[PDB]
Structures are given as C-alpha cells and as structure tokens.
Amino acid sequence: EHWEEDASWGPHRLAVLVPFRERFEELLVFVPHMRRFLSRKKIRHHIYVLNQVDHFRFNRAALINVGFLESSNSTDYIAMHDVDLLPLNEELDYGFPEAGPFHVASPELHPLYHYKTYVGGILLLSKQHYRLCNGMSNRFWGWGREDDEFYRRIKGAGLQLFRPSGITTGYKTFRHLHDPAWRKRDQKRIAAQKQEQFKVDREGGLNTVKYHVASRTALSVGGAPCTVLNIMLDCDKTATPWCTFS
C-alpha cells in the first residue's frame, strides 16, 4: 500500500521529502516523473509533499526536518528533493546511501551552482546519518545558506559526502524547470539576517523544530500517488525576525 514496491526490489524504503509552496505546475510534472524514475530503478518509495501553509517566508530546511519526523516510521532513508529538479539520467545513485550522505545534484552536474561544498537540490541520507547531524537548521527563512550550513553539520559530524562518478550528461543531467522571472527567489537579507546566515549554529535542528501539521491529504497526480502535508511552521520572532514579511 503506502510504499510503491515490488517483492524483488532491495528492502530499503526511500522517503522523498519535497519542500513545497506554490509550485503547482512543477508538482504536476514531478510526481509521475519520480514514480516512473524510481520504479524503473527498483527503489521502494513514497513521496511527501511538504507544503508550507503558514505565512512566514519559505523555509526549505525546516520543512525537510518536519518531513523527516512525519514520514512513515518504516522509511530507511530520505531524499530531500527540490520539486523542479528532475533526474534525466538513471545512472544516478538513489539507492541506500550506506557509507555516507549522497549528493545527487552535484556541483559538477547542477545547472547553476558549481562550488565544492554545494549540497543543494537533491541530497540523500540514511535516517541514522540525518539524526547524527540533528537534521538541518531551522533558522533559515527565505532563499540561501541552509544547505551550506547543513554541509557543515555533515563535515562536523565526521560523515563522508559522496557524489555521482562517471556521469557523462554534465549540465543536462537534470531538467531544472525554473524561470527566474516567474519563480522569483526570495533573496533579500533583512537586517541581522545578513550576519546569522554564516554563523555556527550549535543548538538546534531536528530536535527543536516547532510546527504542526494542519492537514494531511492523499493526492494522486496522473496515477502517481503522494502525501501532501500541510505544515504550519512556528517562528520565534525574537531569535529570527527575518522570518516575516513575504
């Protein structure tokens, strides 16, 4: 039922954790694309659409944290997966990342971001490895720096980061359906946000995330099923005032 799976597939169940708010066109293409892609690669999976329905700025990392907590307690691993980044090459390892976190959307392959420590887009971890990092920071509202920070959590935890090798498709490895004019990145740094972005967050993450699920809805998109989680993220306006206005 819950898991798309056949008896012959390897046992590891992947939760696809998709940070989401107002990307409907993209969602329509993404869900069946990922059902097809994962099924051909024989990966047991379920797709969680993590829909931010509070009115705070978009918090990718906090949503991933929520999806981690709210996914089936029998998932073995997670892929934080942008909704607009579609894998076109089946050589990409979406299998269980046993030796360490696996960064699918490598800077060698990503259309826009090419620096060594970029871990955005699509990144896979075993549940144990994600907990070892205490998940992602909750302090990043708006576009930017939540991934750079998580990189530091991975490194600090002594986890080795893996990337695809021998991929030949280069910058055509993914379809990045993202018009920068229609989908404007919320990149404004509001006051003290421009400082805290690069800080060394020592306290919080997976164990301090403040939220509640408003609704949970089964959604099927052209045959391909998923679970939409309507997520209300709390904001301590004292700690992070840059959460509001947008």
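For every residue, the number given is its place in the sequence shown, counted from 1.
Across the two stretches, 50-58 and 182-190, the PDB entry reports the greater mean Cα temperature factor for 182-190.
When the C-alpha B-factors of 108-116 and 77-85 are averaged, 108-116 comes out higher. For the set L63, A214, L38, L27, the maximum C-alpha B-factor listed in the entry falls on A214.
Within the group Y94, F140, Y171, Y151, the record's highest C-alpha temperature factor is found at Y171. Per-chain ranking of the deposited C-alpha B factor places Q160 in the lowest third. Among all modelled residues in this chain, the alpha-carbon of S71 has a temperature factor (C-alpha) in the highest third. Among the modelled residues of its chain, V209 has a C-alpha B-factor that falls in the highest third according to the deposited record. Sorting the modelled residues of the chain by their CA temperature factor places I43 in the lowest third.
For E4, the recorded CA temperature factor ranks within the middle third of the chain's modelled residues.
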